[PDB]
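Quick notes on the structure that follows.
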Amino acid sequence: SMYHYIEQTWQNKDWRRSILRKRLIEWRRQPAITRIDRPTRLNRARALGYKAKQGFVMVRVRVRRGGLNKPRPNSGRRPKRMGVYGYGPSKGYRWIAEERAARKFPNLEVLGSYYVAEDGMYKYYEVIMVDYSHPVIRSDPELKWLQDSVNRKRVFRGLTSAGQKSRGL
Amino acid sequence: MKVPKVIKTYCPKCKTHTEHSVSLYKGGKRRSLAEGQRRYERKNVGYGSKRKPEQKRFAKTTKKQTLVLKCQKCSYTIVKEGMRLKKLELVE
RNA sequence: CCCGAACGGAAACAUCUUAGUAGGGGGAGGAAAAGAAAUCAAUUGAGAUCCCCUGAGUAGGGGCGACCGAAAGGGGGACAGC
RNA sequence: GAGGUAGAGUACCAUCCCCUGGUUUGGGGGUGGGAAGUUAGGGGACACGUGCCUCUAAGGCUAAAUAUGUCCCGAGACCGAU
RNA sequence: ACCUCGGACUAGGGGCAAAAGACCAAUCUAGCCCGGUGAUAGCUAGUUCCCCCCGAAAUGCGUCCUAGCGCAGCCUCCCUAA
RNA sequence: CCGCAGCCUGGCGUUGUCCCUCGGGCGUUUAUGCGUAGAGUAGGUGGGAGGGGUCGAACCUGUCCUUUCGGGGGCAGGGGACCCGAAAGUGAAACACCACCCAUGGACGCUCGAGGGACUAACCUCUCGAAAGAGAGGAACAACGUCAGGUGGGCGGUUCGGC
């Protein structure tokens, strides 16, 4: 159970954070979306069923912090709905992470997500991303459900875990 | 007006006329966290105009004066009716 | 599933309501959604979810103003759980 | 009988905002902190304590029971060419 | 500071204006079209078969009230009551 | 009547490392105390008539610091072993041992200020570089997010009595 010990170092606070700060800088040089051949903290990915068998992949993405990117209105309005400061994107950043991530590889599908690091200017997450067209996963009894259409593009309708979380179940 | 400090009046707990301590009425502290106060912020949260109308114009020159009497023999305190006066002087 | 209106109403109107509707964007299927409790309720009980009738304009919210508005339980439908 | 396992920035907290009856009590998000984790936790209308009761999240997935007429059969106290 | 032509760009609470609140398609104190929307009218005009019985007021009080309403008085119809 | 942009200031986060003077502290390191009556330094409360004793004391002789030079406290040798009383005073006694508080100073790892300084590794600006990456200046500031306060007809909705 390495996965038990991976976060034993990094459970809430460790000097591991100093190392990641170095990784934090270099990632800002990296593209806002990229592919990593091996997922970082398997304790989450395997906890979301990721299998190192051929047909899965890992993706990193970053986003900017702050309140909602909402424009000020201009027409005739009552004061109730016309303020600006204090707004926030109602659906969580954990949710938004997969969205742009989903668009990147439409021939695939999203399952789960998590962040790994965060500074005051960006949030960095990691998302499982699955090919369903692969003639490997096509014959899995353990995931035969995916052969159906309905499992597609789910993250956009909020049927992922984040979506369920955003819906507060 | 002028009113003596001590007035012999009836005391409900003493059930007769007794000496008393007389003083002006003073409002208490606003005592925040009241139900009528708690909803104020819960109504003031969010964005919109001044939710509750507030008085800005004033007509009466003075305010009603009220007398407060405390029953020395049994520590009872009685509340009297108000009255409009310039300034209630408490000197005996 | 995200974003998100005014018109009017309050015989005015600014909180509120009209209302997450009109509408924007994304994405499906023939149905979708949801679906196995960190559920309830309360004398130690019931046993996924959904919809129908009630519960009920009850509970509860609001210049206590127009108005808004549950749940639990009961009664029906099919009741499948890995 | 002995031993072991049992999901983290997740719960939870402060604050700002959003909405719903959720009201000193709900859910969501931003922001800041931030656990325990089986000898664990949560919940049981303000808070805290004590006992008593019941559940185990932070990953899945799911038959049916209902939403509708681009369409096809059938019926009608629907009109007879403004 | 001549005039003009062909191409092209600037969108509405905006664009342009050697600036008259001018022009932006005959529509300009805020363009058009479609949808909110059968919006709001304490205002204005119309409201359609017959017979018969009964049969008013233009007053008081209150009103951000005197082009309306509330409570009265004034009408009709029904039942009970002796 | 007000509301919202934008602006100014400040707080929090992106926020690092050396410091530096002083004032604060945090958990520690330690050491320093006379209103009078009295063998005499009773600062004030506790358990405590036993505590020290080759499980080293009384005595006097000096080096030394200090203080209301009152006087006590720390030094080994000379001395190989002795003193306080349950006994006399004090509105409050045992320099009988060990504790708590006030009070003086320094230091240790950490925190905050009056602040100040320095650096670069964050980050920012620019350049070179196909990329990768490199170089130059500022700088933990700035800028952004968020929150608060001040300003705010720049923009938005409104009323503008009655007879």
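Cβ placement follows ideal geometry from the backbone for every residue including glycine, while neighbour counts extend to all protein chains displayed. A short reminder: the numbers here are calculations on the coordinates, not readings from a lab.
Worth pointing out:
- Residue within segment A:8-17 that is free of Cβ contacts under 8 Å to residues at least 24 places away in the same chain, more than 14 Å from chain B (Cβ to nearest Cβ), within 16 Å of RNA strand C (Cβ to nearest atom) and out of contact with any helix residue (DSSP H, G or I) (no Cβ under 7 Å at 6 or more places or on another chain) present: no
- Segment A:70-99: number of residues that are within 29 Å of A:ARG17 (Cβ to Cβ), within 11 Å of RNA strand C (Cβ to nearest atom) and out of contact with any helix residue (DSSP H, G or I) (no Cβ under 8 Å at 6 or more places or on another chain): 2
- Only listed residue being small (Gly, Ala, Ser) and within 24 Å of A:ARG77 (Cα to Cα), chosen from B:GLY28, B:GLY46: B:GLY46
- In segment B:1-40, counting only strands (runs of 3 or more DSSP E) that sit wholly within it, the ones holding 2 or more residues that are within 21 Å of B:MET83 (Cβ to Cβ) span B:9-11, B:20-24.
- Candidates B:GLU92, B:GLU54, B:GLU41: the one that is farther than 30 Å from A:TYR87 by Cα and either loosely packed, with under 11 Cβ neighbours inside 10 Å or of a type in the set (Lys, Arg) (or both) is B:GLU92.
- Number of the condition not met by A:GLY163 [criteria: (1) touching a residue at least 40 places away in the same chain (Cβ under 8 Å); (2) in a helix (DSSP H, G or I); (3) within 30 Å of A:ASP14 (Cα to Cα)]: (3)
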